[PDB]
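Just below is one structure, and these are the notes that go with it.
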Amino acid sequence: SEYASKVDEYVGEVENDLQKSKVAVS
């Protein structure tokens with residue numbers, strides 16, 4: 001289901017997570 005559909009629809013949230021995970025280092 002979310003194998004190639006949600007991949008793009010959820011991309012926004014992925015980016016959000018990334019932002020936090022690696023916030024261009026301290």
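Labels used: A, B, ... for chains in the order of the structure tokens, numbers from 1 for residues in each chain, and numbers from 1 for ligands as shown.
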I need the residues of chain A that end up classed as helix (DSSP H, G or I) by DSSP on the backbone, written out as number ranges by chain.
A: 6-9, 11-21
Hey, can you check how far atom CA of residue A:23 sits from atom CA of residue A:5?
27.2 Å
Enter the distance from atom CA of residue A:19 to atom CA of residue A:1, in Å, rounded to one decimal.
25.9 Å
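The space between atom CA of residue A:10 and atom CA of residue A:24 spans 22.1 Å.
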